[PDB]
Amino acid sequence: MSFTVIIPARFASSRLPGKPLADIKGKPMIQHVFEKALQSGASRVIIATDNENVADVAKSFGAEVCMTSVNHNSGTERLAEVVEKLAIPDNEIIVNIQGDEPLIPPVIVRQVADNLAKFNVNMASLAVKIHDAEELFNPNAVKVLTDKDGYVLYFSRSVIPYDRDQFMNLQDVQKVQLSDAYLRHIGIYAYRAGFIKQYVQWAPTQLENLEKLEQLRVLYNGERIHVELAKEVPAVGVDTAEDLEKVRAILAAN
């Protein structure tokens, strides 16, 4: 049950400059994720970053921070260094709440950490349903599909599953009514310190570089992943300035 949260907060970002420090109602984005993790019930909350400026701000708001190499290509790779640096036991459960999920409800953090034992996987994540076609067709929205038991089939930026009879000869994209079969992946993962170590022992894959999805290294290497549907999202992932206005809107509506 017990677990520790590590929040990867890379500074550089093509889409959103200074992303982690992006302002949201008076506080940088990372602070929201942080204060959220505090109420999750985690035993320790660590902001993993690669920028001195981000480190200062994170310290200014009382967050323990671990500096990491700017050479990492993903949060999972970054957390591999934190786990080693801070000698966190292999059996310790780590929940990676990516620094761009400022609205993730605290209750689901505990849920994902528990899903490792419940579903017998070395890695577990979450997802919310997609209701609008615009979001489904958005490459920034990562889609995921599982089998009857929740075990992931594939993660992709591509439109899956493909609705052949509705999409092939689609006359008007606005007249699109999705069927209840789409899931947007939340940028949150649960995995033991030891599994993270195994992750970086595996070699980078072409698959993860094509899609730009760190979790594909896991599927590529025959490792099972469980994803569970959460209810009441309300917002997921901020990669663009627009998603940023999406979060401000969902908050303005107190």
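Position 1 is the first residue in the sequence shown; the rest follow in order.
Of the two segments, 71-79 and 108-116, the one listed with the higher mean B-factor is 108-116 (C-alpha atoms only). A summary of the deposited B-factors shows that, of 150-158 and 80-88, the stretch with the larger mean C-alpha value is 80-88. The deposited CA B-factor of residue 222 belongs to the lowest third of values across its chain.
Residue-level temperature factors show residue 177 in the highest third of its chain, judged at the C-alpha atom. Looking at the C-alpha B-factors along this chain, the one for residue 215 belongs to the lowest third. Residue 97: CA B factor lies in the lowest third for its chain, per the PDB record. Ranked by C-alpha B-factor against the other modelled residues of its chain, residue 28 falls in the highest third.
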